[PDB]
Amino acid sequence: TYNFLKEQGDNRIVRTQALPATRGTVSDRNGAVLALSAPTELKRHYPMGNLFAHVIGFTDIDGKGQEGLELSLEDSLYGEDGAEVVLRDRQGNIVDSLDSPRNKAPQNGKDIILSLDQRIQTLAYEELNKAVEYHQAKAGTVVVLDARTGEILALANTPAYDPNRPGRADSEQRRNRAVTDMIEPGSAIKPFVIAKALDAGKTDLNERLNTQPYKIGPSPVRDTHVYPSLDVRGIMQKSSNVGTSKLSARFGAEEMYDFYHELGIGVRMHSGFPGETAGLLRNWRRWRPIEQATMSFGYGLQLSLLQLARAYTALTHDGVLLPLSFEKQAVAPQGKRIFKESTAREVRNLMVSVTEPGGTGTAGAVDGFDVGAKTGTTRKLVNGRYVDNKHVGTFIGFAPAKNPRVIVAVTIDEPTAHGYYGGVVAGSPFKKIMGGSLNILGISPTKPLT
C-alpha cells in the first residue's frame, strides 16, 4: 500500500535521480543557432558542423566545456543540475516520489549571442580553404573584425574538425591558430612605426629621407630595390625597410618598447578565448640598434593574428585601440588612445597606396573601394630557428579606407604551390572575403565599378 514507509528490498530501491540542467545555447549575432543541447542526460549539437569549430570548441561526455568558448564560458553556460529522491523497482519504474530537502529543480544555463556573423563566417571559411588547397599550404587563418566596434565578425582556421565528433580530431586540427599561435608580423607592423613618427612630429608629409641601404655597424639594412629617397607615402607604398627603420631610429629603445607594448605586443590579450599566446616582446634593456631596426620591419617580435587584427583598430577607430569582443555589443567599448584622430586619418590615406598601381599589395584591391593594406612573407620559425622550404604569408587591411567598417586579416602557412608572397597567396582570399563582407553588410561603393 504505502511503499514509501517500507524497508528497501530487491523491488523497492531509494534512488537519487538527476534532473539535468539545459546547457546555454550559442547563437550568431542574428539569431542563428550554433550550439544547443538535446535529451538522449543531455547531448550537445552543433547544427553548422565544422563552421565555428575553433571558436565554440566542444564539451566532454559529461557536458563540461573542454575547448573554445565551451570551456571559457563554462560557468554561465552549464547552469545547475537538480535532483529528486524516488522509490524505484528493479525494472526502473518510479513507484514513489519522496519528500526530501534534496529535491531541487534544475537552473538552465545562460544563453550567449556571439558577435560573429554566419554569413561572413561562411564566406571566410570557403575562401580560406580555397586558398589553402590551391597553394597546397599546411594551414591558414582568417579574422574579420568590425573596424568601429572591435567585434569579431568571423574567425576560422584550417585544418578544422567536426565538433560533433571531436574524438578523431588531431591536436593540429583542434588548435585555434588565430589565438594560440604567434607569428612575425613582417611588413604588417610598418604602418604603426610610420604613424608613431608622424604622431610625435618626428616627421611629416613632405620630408624626403635618404633611403639608400646602410649599415648598423656590421649588419646591413637594405630594401628589395635601391630607392635613393622617398617621402612618407613612398615608404608606405614601397614597404621600405630602410625608411621604416630610420623613422623608428628617431625614438629611444624604451619609447619604441612602450609603444609595441601599448599595441598589445608581448602580453596576453585576455579576449576571453582559452589558450591565448603571450607573443614575444624582448625587454628593451637588451636591444642593440640593429634589433630596434629589424623590429621596426616586424622581425624579432611576435603576436597572434587576432592581436595583429586588434592593433589595426588603432588605425581604423581614429587612433583609439579597441579591446576585441566575441559577444554581441550594443555599442563600441571604450578604448585606449594610441594616436591622434588627425594622424590615424592621414595614415589610412597613406595605406591606400599599397593596393593601387605602384604599391606592394595590388592583389588585395577591391572593386569599387579604397583599401588600405599591408602584406608580406616571413621565413617560418620552428623553435627559435629557421627552416628551409617554409614560409608564412600574411595580408591585412580595411575598407572603405576613408571611413572603415571591416578589417580582414589572412595568413597562409607553408604555401607549397603557385607562389610564396603574401600579396598573392593571402591577397586573393583577402580580396574575396573583403568584397563579400562589404556586400553582406550593405556598404555602398565609394567609386564606380571598373
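Residue numbers here begin at 1 and follow the sequence given.
Scan the PDB entry between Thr40 and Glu41 and report the missing deposited residues as one of none, 1 to 3, 4 to 9, 10 or more. The entry leaves 10 or more residues without coordinates here.
Of 391 to 399 and 415 to 423, the one with larger mean CA B-factor: The recorded data point to 415 to 423.
Which has higher Cα B-factors on average according to the PDB entry: 322 to 330 or 284 to 292? The entry gives the higher C-alpha B-factor average to 284 to 292.
Could you check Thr180, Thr203, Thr158, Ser100 and tell me which one carries the biggest Cα B-factor in the deposited entry? Spelled out: the listed residue with the top C-alpha B-factor is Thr203.
Looking at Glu84, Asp231, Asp258, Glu276, which has the biggest Cα B factor in the entry? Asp231 has the highest C-alpha B-factor of those listed.
Determine, from the deposited record, the chain-internal third of the Cα B-factor for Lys64: lowest, middle or highest. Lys64: CA B-factor falls in the middle third of its chain.
Which third of the chain holds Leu381 when residues are ordered by C-alpha B factor: lowest, middle or highest? Answer is highest: the recorded C-alpha B-factor places it there.
Splitting the chain's C-alpha B-factors into thirds, which one does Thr16 fall into? For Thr16, the deposited C-alpha B-factor lands in the middle third.
Sorting the chain's modelled residues by C-alpha B-factor, tell me whether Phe339 ends up in the lowest, middle or highest third. Middle third of the chain for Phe339's C-alpha B-factor.
Ranking the modelled residues of this chain by C-alpha B-factor as given in the entry, is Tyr312 in the lowest, middle or highest third? It belongs to the lowest third of the chain when residues are ordered by C-alpha B-factor.
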